[PDB]
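What follows is a single structure, written as structure tokens, with notes after it.
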Amino acid sequence: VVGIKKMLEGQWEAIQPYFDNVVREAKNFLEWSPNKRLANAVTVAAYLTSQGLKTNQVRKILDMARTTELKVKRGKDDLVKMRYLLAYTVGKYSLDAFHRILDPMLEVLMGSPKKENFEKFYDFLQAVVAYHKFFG
Amino acid sequence: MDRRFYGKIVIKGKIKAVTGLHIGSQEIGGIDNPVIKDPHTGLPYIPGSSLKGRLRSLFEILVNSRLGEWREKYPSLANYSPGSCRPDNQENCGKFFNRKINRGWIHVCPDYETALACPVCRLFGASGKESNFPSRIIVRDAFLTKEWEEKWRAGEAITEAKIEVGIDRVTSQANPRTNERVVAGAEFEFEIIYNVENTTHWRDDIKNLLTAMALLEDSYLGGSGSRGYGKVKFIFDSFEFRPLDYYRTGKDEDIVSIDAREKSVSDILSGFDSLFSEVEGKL
Amino acid sequence: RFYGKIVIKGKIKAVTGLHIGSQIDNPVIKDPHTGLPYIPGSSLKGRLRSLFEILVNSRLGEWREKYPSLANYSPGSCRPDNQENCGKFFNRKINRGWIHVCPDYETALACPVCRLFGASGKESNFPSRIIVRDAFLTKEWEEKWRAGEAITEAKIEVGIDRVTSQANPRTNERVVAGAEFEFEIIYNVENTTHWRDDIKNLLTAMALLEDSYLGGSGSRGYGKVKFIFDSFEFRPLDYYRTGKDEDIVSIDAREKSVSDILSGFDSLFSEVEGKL
Amino acid sequence: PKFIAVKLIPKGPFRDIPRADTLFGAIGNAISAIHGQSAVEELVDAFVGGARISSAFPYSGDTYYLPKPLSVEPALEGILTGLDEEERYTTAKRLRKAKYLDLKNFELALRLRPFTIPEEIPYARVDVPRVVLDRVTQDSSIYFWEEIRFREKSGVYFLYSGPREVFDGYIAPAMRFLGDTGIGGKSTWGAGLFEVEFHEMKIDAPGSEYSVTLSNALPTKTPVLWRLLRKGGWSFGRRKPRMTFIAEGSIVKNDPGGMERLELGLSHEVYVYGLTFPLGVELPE
RNA sequence: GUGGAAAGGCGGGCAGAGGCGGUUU
Ligand SMILES: [Zn+2]
Ligand SMILES: [Zn+2]
């Protein structure tokens, strides 16, 4: 349940570390279905809350996905990947857990047809941030 | 009674943010307090509601400071007393701020005939009960220029994330806040269209509209301008009177005021009779 | 009596975001099935008639010679005395508002407003010559709705007290600026003498619509409609019986509402003036 | 038999789904505009001694609808004898108050064999409020207006049974004129405008004495089963009197209908259509 | 020889008032 994790979230990061390491084991683009994509995003944001990371520290990376989202939608990716690395540099600590999910997705995206795979990548990255606030 | 059309005065120019502005509305990631944006292009504009509403506001306080002086020029300004109807919850108890909207009192004339004499409600309109005096101006929504749209293409920053803090005085603990702000220097194509309904007193409305603009260049434009977020500036591109014949024959022979590198204070004080001398010849 | 139907086809572009409204707290008019907005034929005809009646109200003295039914009217409305048609231009009262509608066939035959838009009258009628079709979205602006983009947006306006700065918000659903619709106006050529004056008067009211607004708030900057003319076809009297393409086509790809009357009416329409 | 199906593809709303007498009025106004008054005198004589049209019926993506016959109400229990008696009651009244049937189910109702109703209707009657504004002091005063809105592929068709030479000269030129003017209703707002296509439809009807009308008829004698449709009209701004028509789906026994001429004090005579359009039916016992 | 002919869902309404990204060891 998505609502059941909020009763337990409010050493506990280790029990969800197997869920994050399994999701980081699968790195192919569109390797999960539509319902399975959002089910991965619940496990990500619950893992990103036990060792909690604020959205601001991420906010520069979230800017570069969104300004491209207007440029992809009837209007490059290495500019976001260069920022996703450099923002993960000045950690302190849980920025590496967020880097282990972006950089497998962005290495496949690095060479990819632009119109489809980024618009499918953009739906997963919303639900990570979207669900992160639902738990805190 | 007797609505007539003589033509339109169209004012085109560039609103410039000398300091970064903020209008704002109540995306997933983003600043807590963002700025209004165009839903199709994602660029932050300036609405015509926010520009007309601030000009009507600043012109109403300009009347209450001089109700002794404006009363001899315009009838139906002796219908009331200076102040607001805020204590006595009455729609017409003899004050200038007579109509409440939901909780706040705004000067609105209640009848068509008293709105044709008020300087605030000739230019901006009334909507009383059984009355409905329509406005004589149209204030379009103000989008970015063709120059500052190319700056968004090249990667230059249009917006900004200004961070402010309110400090508790006794314990010195800080509460932080973030507010989206357009980068200072950005420019906006605005447009203001006055309908020449009466050739008697079109000249008073142009002086009253340009008076309110120079008040708005002294005050701010939306969103916490006591802290710096205003300092806005009108730069006039073109000034143009489209005569009624213009719409008949379609020819581009419609009379023009140069208005080049001239301020809102130059159009009223320096050369109002020199510039508008040729508009008067056609009317 | 019938001769053909001059058909004007064009694209209506919402340069600023448009509102018409049906009664998000103030929803715009939509289709009942798909949920897409449009522009009704009543809103576009009723605005072109309203803009052109104020145009004729200002020129009653100068147009007595060309239009002999304007000698009976003085500029103004019959509202200050609750009385029907007597001297004023805005003579007919429908429910609570006053409109120029000519009272007969023989008077509306020589009125610039009512030979084109029509008149109700009593003991006789005058039907319209134009048909202002509804304007739905283009096919290009329909797959953006299919892809998931917003075709309407929520504009939140507030009302500020002047003494206390008390804020009072409200919402207004608004068709997104930039969106393009497709209009059509079908002018029925009933009289071979009256048609040049009727197309010029229809294009004059379309030129007043580009500097005024269309529906909604407008004074707060909503309407701002631009007209792009795809084509002009004539469809003569001989087209309707045989079906073969005798359609005289006037070509306009980037022509404005002003450039179709910027000496272009006399020039481009050289073949419709030929075959009458 | 084989009919010609004049398919009317909507460009917007319709005021109403046009009956057979307001199609013949609209065709008759289209002929005097294109040809003249001498061709209306030959158009009427071709329908008195010949061809007949029907009312307008909806379609929805090559699923043509037809009116339910009035023969299936007396014998509705006799049609549904082979059905479970716990649900014969709700099946009966749902089948009874239905209005239209498609071609598969319209053929089965003429032979009193079991059938089903459509689940979706291809249109909705919509209440659109309009306004009237004062020109000077823009006082709003609203009124309410009814329109028929269609789906994305739905529309309106009507049938034609007659010789090809009359269709090619009268009905086919009329529908191109009537595509650009309206087909009844507020045609100044773009209501009633449409694109016309021509097809051919086949109905397998049983041979008997009794037959259903697919149009209003104004019968010459007493019918067998019927529904009274009481309508008048308006002809060049003159009010037509309310006449008792028969509805679509009513059952006659060798009744041609009859075309009524009303003086109406107008430059020319006004003919109101009123003619049958028979397809054979089997009555119950 | 069309249950028709005529009729702008519209007038007026600032997303705004307050707030030292710096404390403290
Ligand atoms: Zn006033
Ligand atoms: Zn008239």
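Convention: chains lettered A, B, ... in structure tokens order; per-chain residue numbering from 1; ligands numbered from 1 as shown.
All chain A residues having an atom within 9 Å of chain B, based on only C-alpha atoms, amount to residues 55, 56, 59, 62, 63, 66, 67, 70, 71, 126, 129 and 130 of chain A.
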Compute the set of protein, DNA and RNA residues whose minimum atom distance to ligand 2 is at most 8 Å, using only C-alpha atoms (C1' of nucleotides) and all ligand atoms, and state it as a PyMOL selection string. chain C and resi 69-70+100-102+107-108+110-115+118-119
Expected file contents, prior selection, N, CA, C and O atoms, as a PDB file, in the first residue's frame:
ATOM      1  N   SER C  69     -32.889  54.311 -45.519  1.00  0.00           N
ATOM      2  CA  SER C  69     -33.629  54.013 -44.303  1.00  0.00           C
ATOM      3  C   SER C  69     -32.989  54.597 -43.056  1.00  0.00           C
ATOM      4  O   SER C  69     -33.548  54.444 -41.968  1.00  0.00           O
ATOM      5  N   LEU C  70     -31.836  55.240 -43.175  1.00  0.00           N
ATOM      6  CA  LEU C  70     -31.196  55.867 -42.034  1.00  0.00           C
ATOM      7  C   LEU C  70     -31.602  57.320 -41.871  1.00  0.00           C
ATOM      8  O   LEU C  70     -31.075  58.004 -40.990  1.00  0.00           O
ATOM      9  N   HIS C 100     -30.958  48.069 -32.413  1.00  0.00           N
ATOM     10  CA  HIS C 100     -31.516  48.392 -33.720  1.00  0.00           C
ATOM     11  C   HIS C 100     -32.009  47.126 -34.403  1.00  0.00           C
ATOM     12  O   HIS C 100     -31.206  46.267 -34.772  1.00  0.00           O
ATOM     13  N   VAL C 101     -33.323  47.008 -34.579  1.00  0.00           N
ATOM     14  CA  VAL C 101     -33.926  46.056 -35.507  1.00  0.00           C
ATOM     15  C   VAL C 101     -35.000  46.806 -36.283  1.00  0.00           C
ATOM     16  O   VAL C 101     -35.894  47.408 -35.678  1.00  0.00           O
ATOM     17  N   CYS C 102     -34.904  46.790 -37.613  1.00  0.00           N
ATOM     18  CA  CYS C 102     -35.878  47.477 -38.449  1.00  0.00           C
ATOM     19  C   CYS C 102     -37.238  46.785 -38.386  1.00  0.00           C
ATOM     20  O   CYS C 102     -37.316  45.560 -38.298  1.00  0.00           O
ATOM     21  N   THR C 107     -38.161  48.690 -44.993  1.00  0.00           N
ATOM     22  CA  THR C 107     -37.191  49.524 -44.301  1.00  0.00           C
ATOM     23  C   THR C 107     -35.866  48.805 -44.115  1.00  0.00           C
ATOM     24  O   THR C 107     -34.808  49.414 -44.283  1.00  0.00           O
ATOM     25  N   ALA C 108     -35.900  47.511 -43.792  1.00  0.00           N
ATOM     26  CA  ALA C 108     -34.679  46.730 -43.635  1.00  0.00           C
ATOM     27  C   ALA C 108     -33.994  46.427 -44.953  1.00  0.00           C
ATOM     28  O   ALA C 108     -32.853  45.964 -44.941  1.00  0.00           O
ATOM     29  N   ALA C 110     -33.088  48.708 -46.980  1.00  0.00           N
ATOM     30  CA  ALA C 110     -32.203  49.836 -47.240  1.00  0.00           C
ATOM     31  C   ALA C 110     -31.451  50.302 -45.998  1.00  0.00           C
ATOM     32  O   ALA C 110     -30.997  51.446 -45.951  1.00  0.00           O
ATOM     33  N   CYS C 111     -31.315  49.454 -44.993  1.00  0.00           N
ATOM     34  CA  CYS C 111     -30.498  49.639 -43.805  1.00  0.00           C
ATOM     35  C   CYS C 111     -29.191  48.879 -43.954  1.00  0.00           C
ATOM     36  O   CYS C 111     -29.202  47.724 -44.378  1.00  0.00           O
ATOM     37  N   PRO C 112     -28.044  49.483 -43.627  1.00  0.00           N
ATOM     38  CA  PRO C 112     -26.774  48.758 -43.769  1.00  0.00           C
ATOM     39  C   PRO C 112     -26.607  47.647 -42.761  1.00  0.00           C
ATOM     40  O   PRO C 112     -25.904  46.671 -43.041  1.00  0.00           O
ATOM     41  N   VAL C 113     -27.241  47.769 -41.597  1.00  0.00           N
ATOM     42  CA  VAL C 113     -27.159  46.744 -40.569  1.00  0.00           C
ATOM     43  C   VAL C 113     -28.113  45.605 -40.875  1.00  0.00           C
ATOM     44  O   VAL C 113     -27.744  44.432 -40.795  1.00  0.00           O
ATOM     45  N   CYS C 114     -29.343  45.923 -41.255  1.00  0.00           N
ATOM     46  CA  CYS C 114     -30.399  44.930 -41.320  1.00  0.00           C
ATOM     47  C   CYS C 114     -30.566  44.290 -42.688  1.00  0.00           C
ATOM     48  O   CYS C 114     -31.209  43.244 -42.771  1.00  0.00           O
ATOM     49  N   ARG C 115     -30.003  44.859 -43.761  1.00  0.00           N
ATOM     50  CA  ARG C 115     -29.984  44.098 -45.005  1.00  0.00           C
ATOM     51  C   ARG C 115     -28.996  42.947 -44.928  1.00  0.00           C
ATOM     52  O   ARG C 115     -29.119  41.986 -45.687  1.00  0.00           O
ATOM     53  N   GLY C 118     -30.226  41.065 -40.725  1.00  0.00           N
ATOM     54  CA  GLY C 118     -31.602  40.636 -40.664  1.00  0.00           C
ATOM     55  C   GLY C 118     -32.423  41.455 -39.687  1.00  0.00           C
ATOM     56  O   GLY C 118     -31.902  42.178 -38.837  1.00  0.00           O
ATOM     57  N   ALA C 119     -33.737  41.334 -39.816  1.00  0.00           N
ATOM     58  CA  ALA C 119     -34.667  42.058 -38.970  1.00  0.00           C
ATOM     59  C   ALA C 119     -35.864  41.174 -38.670  1.00  0.00           C
ATOM     60  O   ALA C 119     -36.306  40.397 -39.514  1.00  0.00           O
TER      61      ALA C 119
END
Shell of 8 Å around ligand 1 (only C-alpha atoms (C1' of nucleotides) and all ligand atoms), written as a ChimeraX atom specification: /B:77,107-109,114-115,117-122,125-126
Residue list for chain C near chain B as number ranges by chain, 7 Å, only C-alpha atoms: C: 16, 54-55, 57-58, 75-77, 79, 160-162, 166, 168, 176, 204, 207-208, 218-222, 258-259, 261-262
Do me a favour and pick out the residues of chain D within 9 Å of chain E, using only C-alpha atoms (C1' of nucleotides), as a count of residues only. 44
Residues of chain C within 8 Å of chain E, only C-alpha atoms (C1' of nucleotides) counted, as a ChimeraX atom specification: /C:20-23,42-47,50,94,101,118-121,125-127,156-160,164-167,169,214-216
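For the atom pair formed by CA of residue 188 in chain B and CA of residue 156 in chain B, the distance is 16.4 Å, given to one decimal.
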Interface residues on chain D facing chain C, 6 Å, only C-alpha atoms, written as JSON, numbers by chain: {"D": [33, 133, 134, 139, 173, 188, 189, 190]}
Suppose we keep N, CA and C atoms; can you now write the selection as a PDB file, in the first residue's frame?
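In the end it all went to selection-v4.pdb:
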ATOM      1  N   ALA D  33     -35.589  28.477 -55.721  1.00  0.00           N
ATOM      2  CA  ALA D  33     -34.438  29.368 -55.734  1.00  0.00           C
ATOM      3  C   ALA D  33     -33.522  29.057 -56.908  1.00  0.00           C
ATOM      4  N   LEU D 133     -27.747  41.722 -25.437  1.00  0.00           N
ATOM      5  CA  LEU D 133     -27.068  42.834 -24.801  1.00  0.00           C
ATOM      6  C   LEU D 133     -27.610  44.161 -25.301  1.00  0.00           C
ATOM      7  N   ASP D 134     -27.853  45.072 -24.366  1.00  0.00           N
ATOM      8  CA  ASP D 134     -28.063  46.464 -24.724  1.00  0.00           C
ATOM      9  C   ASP D 134     -26.797  47.012 -25.353  1.00  0.00           C
ATOM     10  N   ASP D 139     -26.581  45.486 -20.709  1.00  0.00           N
ATOM     11  CA  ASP D 139     -27.422  44.712 -19.814  1.00  0.00           C
ATOM     12  C   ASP D 139     -27.691  43.348 -20.412  1.00  0.00           C
ATOM     13  N   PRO D 173     -29.894  18.228 -56.724  1.00  0.00           N
ATOM     14  CA  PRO D 173     -29.487  19.640 -56.669  1.00  0.00           C
ATOM     15  C   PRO D 173     -29.985  20.370 -55.448  1.00  0.00           C
ATOM     16  N   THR D 188     -28.754  31.084 -39.165  1.00  0.00           N
ATOM     17  CA  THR D 188     -27.866  32.274 -39.177  1.00  0.00           C
ATOM     18  C   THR D 188     -26.719  32.052 -38.185  1.00  0.00           C
ATOM     19  N   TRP D 189     -26.840  31.073 -37.294  1.00  0.00           N
ATOM     20  CA  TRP D 189     -25.781  30.734 -36.307  1.00  0.00           C
ATOM     21  C   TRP D 189     -25.035  29.491 -36.792  1.00  0.00           C
ATOM     22  N   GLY D 190     -25.260  29.059 -38.022  1.00  0.00           N
ATOM     23  CA  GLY D 190     -24.564  27.874 -38.555  1.00  0.00           C
ATOM     24  C   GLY D 190     -25.249  26.576 -38.172  1.00  0.00           C
TER      25      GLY D 190
END
Quick one: pick out all strand (DSSP E) residues within range 90-137 of chain D from a backbone DSSP run and write them as a VMD selection string. chain D and resid 100 to 102 123 to 133
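Checking B:224, B:257, B:132, B:198 one by one against chain E, counting only C-alpha atoms (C1' of nucleotides), you find the shortest gap at B:132.
In chain C, the set of residues within 12 Å of chain A (atoms considered: only C-alpha atoms) is residues 144, 147, 148 and 149 of chain C.
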Output for the residues just chosen: C-alpha atoms as a PDB file, in the first residue's frame:
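Saved result, part-v3.pdb, follows:
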ATOM      1  CA  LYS C 144      -2.433  18.598 -28.583  1.00  0.00           C
ATOM      2  CA  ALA C 147      -1.342  14.220 -26.592  1.00  0.00           C
ATOM      3  CA  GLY C 148      -2.433  15.541 -23.183  1.00  0.00           C
ATOM      4  CA  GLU C 149      -1.676  19.273 -23.338  1.00  0.00           C
TER       5      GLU C 149
END
Can you list, as a ChimeraX atom specification, every protein, DNA or RNA residue that comes within 12 Å of residue 97 in chain A when you count only C-alpha atoms (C1' of nucleotides), leaving out same-chain residues fewer than 2 positions away? /A:13,16-17,19-21,23-24,44-53,88,91,93-95,99-104
Can you list, as a ChimeraX atom specification, every residue of range 36-275 of chain C that DSSP puts in helix (DSSP H, G or I)? /C:41-57,68-72,105-108,114-117,143-147,195-208,237-242,264-268,272-275
Spatial neighbours of residue 229 in chain B, 12 Å, only C-alpha atoms (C1' of nucleotides), chain gap at least 4 places, as a tab-separated table (two decimals) with N, CA and C atoms, in the first residue's frame:
chain	number	residue	atom	x	y	z
B	17	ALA	N	11.32	45.75	-16.72
B	17	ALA	CA	11.55	45.52	-15.29
B	17	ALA	C	12.92	46.06	-14.94
B	18	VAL	N	12.97	47.27	-14.38
B	18	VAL	CA	14.25	47.82	-13.95
B	18	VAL	C	14.73	47.09	-12.70
B	19	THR	N	13.80	46.64	-11.87
B	19	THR	CA	14.08	45.66	-10.84
B	19	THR	C	13.11	44.50	-11.08
B	20	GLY	N	13.49	43.30	-10.65
B	20	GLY	CA	12.77	42.11	-11.04
B	20	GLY	C	11.39	42.03	-10.41
B	21	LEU	N	10.38	41.78	-11.23
B	21	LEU	CA	9.00	41.79	-10.77
B	21	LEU	C	8.51	40.40	-10.42
B	22	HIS	N	7.31	40.35	-9.86
B	22	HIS	CA	6.72	39.10	-9.37
B	22	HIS	C	5.22	39.28	-9.30
B	23	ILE	N	4.47	38.53	-10.10
B	23	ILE	CA	3.02	38.62	-10.04
B	23	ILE	C	2.44	37.36	-9.41
B	162	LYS	N	14.69	34.02	-5.82
B	162	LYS	CA	15.10	34.89	-4.73
B	162	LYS	C	14.75	34.26	-3.40
B	179	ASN	N	11.07	32.83	-3.42
B	179	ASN	CA	10.06	33.47	-4.31
B	179	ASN	C	10.60	33.56	-5.74
B	180	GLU	N	9.85	33.08	-6.71
B	180	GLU	CA	10.26	33.18	-8.10
B	180	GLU	C	10.16	34.63	-8.55
B	181	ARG	N	11.15	35.07	-9.32
B	181	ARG	CA	11.21	36.46	-9.75
B	181	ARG	C	11.77	36.50	-11.16
B	182	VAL	N	11.13	37.28	-12.03
B	182	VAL	CA	11.67	37.53	-13.36
B	182	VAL	C	12.97	38.31	-13.22
B	183	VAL	N	13.97	37.97	-14.03
B	183	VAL	CA	15.26	38.66	-14.01
B	183	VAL	C	15.06	40.11	-14.39
B	184	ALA	N	15.66	41.01	-13.60
B	184	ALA	CA	15.57	42.44	-13.87
B	184	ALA	C	16.23	42.79	-15.19
B	219	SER	N	5.38	53.85	-7.88
B	219	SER	CA	5.10	52.68	-7.05
B	219	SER	C	5.52	51.42	-7.81
B	220	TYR	N	5.07	50.27	-7.35
B	220	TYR	CA	5.49	48.99	-7.88
B	220	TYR	C	4.40	48.38	-8.76
B	221	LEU	N	4.70	47.21	-9.31
B	221	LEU	CA	3.75	46.43	-10.12
B	221	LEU	C	3.73	45.01	-9.58
B	222	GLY	N	2.89	44.78	-8.58
B	222	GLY	CA	2.57	43.44	-8.12
B	222	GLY	C	3.61	42.78	-7.25
B	223	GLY	N	3.16	42.11	-6.19
B	223	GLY	CA	4.02	41.17	-5.51
B	223	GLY	C	5.19	41.72	-4.72
B	224	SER	N	4.91	42.33	-3.56
B	224	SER	CA	5.93	42.69	-2.56
B	224	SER	C	6.90	43.75	-3.08
B	225	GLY	N	6.35	44.85	-3.55
B	225	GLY	CA	7.16	45.93	-4.06
B	225	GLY	C	7.66	46.90	-3.03
Measuring between only C-alpha atoms, which one of C:251, C:197, C:39, C:56 shows the shortest distance to residue 267 in chain C? C:251
Could you list, as a list in words, every residue within 8 Å of residue 124 in chain A, counting only C-alpha atoms (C1' of nucleotides) and ignoring same-chain residues fewer than 5 positions away? residues 37, 38 and 41 of chain A
Spatial neighbours of residue 158 in chain D, max dist 12 Å, only C-alpha atoms (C1' of nucleotides), sep filter under 4 positions, as JSON, numbers by chain: {"D": [3, 4, 5, 6, 7, 8, 9, 17, 18, 19, 20, 23, 24, 52, 53, 54, 55, 56, 57, 58, 59, 64, 65, 66, 67, 171, 175, 196, 197, 198, 199, 200, 201, 214, 215, 277]}
Restricting the output to N, CA, C and O atoms, write the selected residues as a compact mmCIF listing (two decimals), in the first residue's frame.
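Output below, filename selection.txt:
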# COMPACT_ATOMS: atom_id res chain seq x y z
N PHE D 3 -33.09 1.32 -51.49
CA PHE D 3 -33.39 2.73 -51.35
C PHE D 3 -32.12 3.53 -51.58
O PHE D 3 -31.01 3.00 -51.53
N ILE D 4 -32.29 4.82 -51.83
CA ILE D 4 -31.18 5.75 -51.83
C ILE D 4 -31.14 6.42 -50.46
O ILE D 4 -32.15 6.96 -50.00
N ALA D 5 -30.00 6.36 -49.81
CA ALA D 5 -29.83 6.94 -48.48
C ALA D 5 -29.04 8.24 -48.63
O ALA D 5 -27.84 8.21 -48.91
N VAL D 6 -29.72 9.36 -48.45
CA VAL D 6 -29.08 10.67 -48.51
C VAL D 6 -28.50 10.94 -47.13
O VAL D 6 -29.23 11.22 -46.18
N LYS D 7 -27.18 10.84 -47.02
CA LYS D 7 -26.47 11.00 -45.75
C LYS D 7 -26.09 12.46 -45.54
O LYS D 7 -25.38 13.04 -46.36
N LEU D 8 -26.55 13.04 -44.44
CA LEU D 8 -26.33 14.44 -44.12
C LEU D 8 -25.31 14.48 -42.99
O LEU D 8 -25.62 14.09 -41.87
N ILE D 9 -24.11 14.96 -43.29
CA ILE D 9 -22.98 14.92 -42.36
C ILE D 9 -22.87 16.28 -41.69
O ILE D 9 -22.54 17.26 -42.37
N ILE D 17 -34.32 17.11 -35.52
CA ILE D 17 -34.20 16.05 -36.52
C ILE D 17 -35.39 16.19 -37.47
O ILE D 17 -36.53 15.96 -37.04
N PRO D 18 -35.17 16.56 -38.73
CA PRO D 18 -36.28 17.07 -39.55
C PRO D 18 -37.25 15.99 -40.00
O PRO D 18 -36.85 14.95 -40.52
N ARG D 19 -38.53 16.26 -39.81
CA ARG D 19 -39.59 15.38 -40.27
C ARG D 19 -39.67 15.39 -41.80
O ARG D 19 -38.96 16.14 -42.48
N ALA D 20 -40.55 14.56 -42.35
CA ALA D 20 -40.65 14.47 -43.80
C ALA D 20 -41.30 15.69 -44.42
O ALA D 20 -41.08 15.96 -45.61
N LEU D 23 -38.56 18.44 -44.62
CA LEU D 23 -37.61 18.19 -45.69
C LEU D 23 -38.19 18.56 -47.04
O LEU D 23 -37.50 19.15 -47.87
N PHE D 24 -39.46 18.24 -47.28
CA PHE D 24 -40.11 18.60 -48.53
C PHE D 24 -40.35 20.09 -48.62
O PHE D 24 -40.41 20.65 -49.72
N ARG D 52 -41.31 8.94 -53.16
CA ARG D 52 -41.63 9.30 -51.79
C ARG D 52 -40.35 9.32 -50.97
O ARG D 52 -39.45 8.52 -51.19
N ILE D 53 -40.27 10.28 -50.05
CA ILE D 53 -39.14 10.39 -49.15
C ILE D 53 -39.62 10.03 -47.74
O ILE D 53 -40.79 9.77 -47.51
N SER D 54 -38.69 10.00 -46.81
CA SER D 54 -39.02 9.61 -45.45
C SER D 54 -38.64 10.73 -44.49
O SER D 54 -38.23 11.81 -44.90
N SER D 55 -38.80 10.47 -43.20
CA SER D 55 -38.25 11.37 -42.21
C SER D 55 -36.75 11.19 -42.12
O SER D 55 -36.17 10.28 -42.71
N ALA D 56 -36.11 12.05 -41.35
CA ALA D 56 -34.69 11.95 -41.15
C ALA D 56 -34.39 11.05 -39.97
O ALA D 56 -35.03 11.15 -38.92
N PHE D 57 -33.42 10.17 -40.14
CA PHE D 57 -33.09 9.26 -39.06
C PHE D 57 -31.61 9.37 -38.74
O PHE D 57 -30.82 9.76 -39.59
N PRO D 58 -31.21 9.09 -37.51
CA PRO D 58 -29.79 9.15 -37.16
C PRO D 58 -29.03 7.92 -37.62
O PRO D 58 -29.59 6.85 -37.86
N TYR D 59 -27.72 8.10 -37.77
CA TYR D 59 -26.79 7.00 -37.94
C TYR D 59 -25.61 7.25 -37.01
O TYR D 59 -25.46 8.34 -36.46
N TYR D 64 -26.98 2.48 -39.47
CA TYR D 64 -28.18 3.25 -39.76
C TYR D 64 -29.31 2.84 -38.83
O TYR D 64 -29.58 1.66 -38.65
N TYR D 65 -29.99 3.83 -38.26
CA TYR D 65 -31.11 3.60 -37.36
C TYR D 65 -32.42 3.86 -38.07
O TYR D 65 -32.51 4.70 -38.96
N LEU D 66 -33.45 3.14 -37.64
CA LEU D 66 -34.79 3.18 -38.18
C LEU D 66 -35.79 3.17 -37.04
O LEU D 66 -35.45 2.71 -35.94
N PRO D 67 -36.99 3.72 -37.22
CA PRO D 67 -37.92 3.83 -36.09
C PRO D 67 -38.46 2.47 -35.71
O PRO D 67 -38.55 1.55 -36.53
N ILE D 171 -33.94 16.24 -56.32
CA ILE D 171 -33.52 16.03 -54.94
C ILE D 171 -32.01 16.21 -54.80
O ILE D 171 -31.54 16.83 -53.85
N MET D 175 -30.04 19.23 -52.34
CA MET D 175 -29.26 18.95 -51.14
C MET D 175 -27.90 19.64 -51.16
O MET D 175 -27.24 19.70 -50.12
N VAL D 196 -23.23 16.54 -47.86
CA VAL D 196 -24.13 15.51 -48.36
C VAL D 196 -23.33 14.42 -49.06
O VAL D 196 -22.38 14.69 -49.79
N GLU D 197 -23.69 13.17 -48.76
CA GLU D 197 -23.17 12.00 -49.46
C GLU D 197 -24.34 11.10 -49.81
O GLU D 197 -25.41 11.16 -49.21
N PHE D 198 -24.12 10.24 -50.80
CA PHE D 198 -25.18 9.41 -51.34
C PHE D 198 -24.77 7.95 -51.27
O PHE D 198 -23.64 7.61 -51.63
N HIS D 199 -25.67 7.11 -50.80
CA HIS D 199 -25.40 5.69 -50.65
C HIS D 199 -26.59 4.90 -51.15
O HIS D 199 -27.49 5.44 -51.80
N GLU D 200 -26.59 3.62 -50.84
CA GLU D 200 -27.71 2.75 -51.16
C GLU D 200 -27.89 1.76 -50.02
O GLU D 200 -26.93 1.10 -49.62
N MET D 201 -29.11 1.66 -49.51
CA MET D 201 -29.40 0.82 -48.36
C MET D 201 -30.50 -0.16 -48.75
O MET D 201 -31.36 0.15 -49.57
N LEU D 214 -42.49 5.05 -42.80
CA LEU D 214 -41.25 5.67 -42.36
C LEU D 214 -41.30 7.18 -42.47
O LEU D 214 -40.26 7.83 -42.52
N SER D 215 -42.50 7.76 -42.53
CA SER D 215 -42.66 9.21 -42.58
C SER D 215 -44.01 9.58 -42.01
O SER D 215 -44.87 8.73 -41.77
N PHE D 277 -44.66 5.86 -46.74
CA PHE D 277 -43.41 5.30 -47.22
C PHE D 277 -43.38 3.85 -46.75
O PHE D 277 -42.74 3.54 -45.75
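CA of residue 69 in chain D to CA of residue 248 in chain D spans 8.0 Å [interatomic distance, one decimal].
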